[PDB]
């Protein structure tokens, strides 16, 4: 299929970056689109084959190359705030009847300065007796707060394995300071199990939030810990 790396990325204005895209389906055509709220998907650049690159609808500020059929990298010369969005690479066979296959996307955020990047703090809240007795169900809540930018992945884990059933995570994070050009965020999620499951002391629950921040080759002289890409979690045991 089509793969893209990185999946998330934060950049300081002026920095350069190369988004990778590969497809192993022998597709001749590869392309890059950006998706922005209320603007759908806009074609940046595309390629009909090795050695050829074709200008798209919004090529300014971007460069691409096609030395091979498999890869089609997108390079941001000098990152600018307007380049903040989600980029999708897509490929397909040559004829007009073929549909395009999309990669998973890359969420990119450009900031004036990185001093605004913060990882999340995570906390797990346990089910109340009231709910258990009243519904015979048990709901755990997870909170991730104070993070910025909005590049996170929250997952629940039970006895060593990731779960999806009985879970719903806010589709959007909320600003802790609605009035701030770079307000930090909070996000919640819930995990609901049967009262019986939670009441089993041997069951262990865990909420982990994968935060995408700075990398090793990133300077940092602030007192506070460098906000690198990391996983912050909180856990709780079942209660009898």
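Numbering follows the first chain given and starts at 1.
Trainee: Identify the stretch, either 227 to 235 or 10 to 18, whose C-alpha atoms have the larger mean B-factor according to the entry.
Mentor: Between 10 to 18 and 227 to 235, it is 10 to 18 that shows the higher mean C-alpha B-factor.
Trainee: Compare the mean C-alpha B-factor of 50 to 58 with that of 169 to 177 as given in the PDB entry, and name the stretch with the higher value.
Mentor: The deposited B-factors put 169 to 177 ahead on the C-alpha mean.
Trainee: Out of 92, 155, 85, 78, whose C-alpha atom has the biggest B factor in the entry?
Mentor: Highest C-alpha B-factor among the listed residues goes to 78.
Trainee: Could you check 187, 195, 209, 43 and tell me which one carries the biggest Cα B-factor in the deposited entry?
Mentor: 195 has the highest C-alpha B-factor of those listed.
Trainee: Grab the CA temperature factor for residue 151 from the record and place it in the lowest, middle or highest third of its chain.
Mentor: Lowest third, going by the recorded CA B-factors of the chain.
Trainee: Using the B-factors in the PDB entry, rank residue 141's C-alpha atom against the chain and give the third, lowest, middle or highest.
Mentor: As the PDB entry reports it, the C-alpha B-factor of residue 141 lands in the middle third of its chain.
Trainee: Sorting the chain's CA B-factors, does residue 182 end up in the lowest, middle or highest third?
Mentor: As the PDB entry reports it, the C-alpha B-factor of residue 182 lands in the highest third of its chain.
Trainee: State the tercile, meaning the lowest, middle or highest third, of residue 63 with respect to the CA B-factors recorded for its chain.
Mentor: Tercile = lowest for this residue's CA B-factor.
Trainee: In terms of the chain's CA B-factor thirds, is residue 135 lowest, middle or highest?
Mentor: Within its chain, residue 135 is a highest-third residue by C-alpha B-factor, going by the deposited values.
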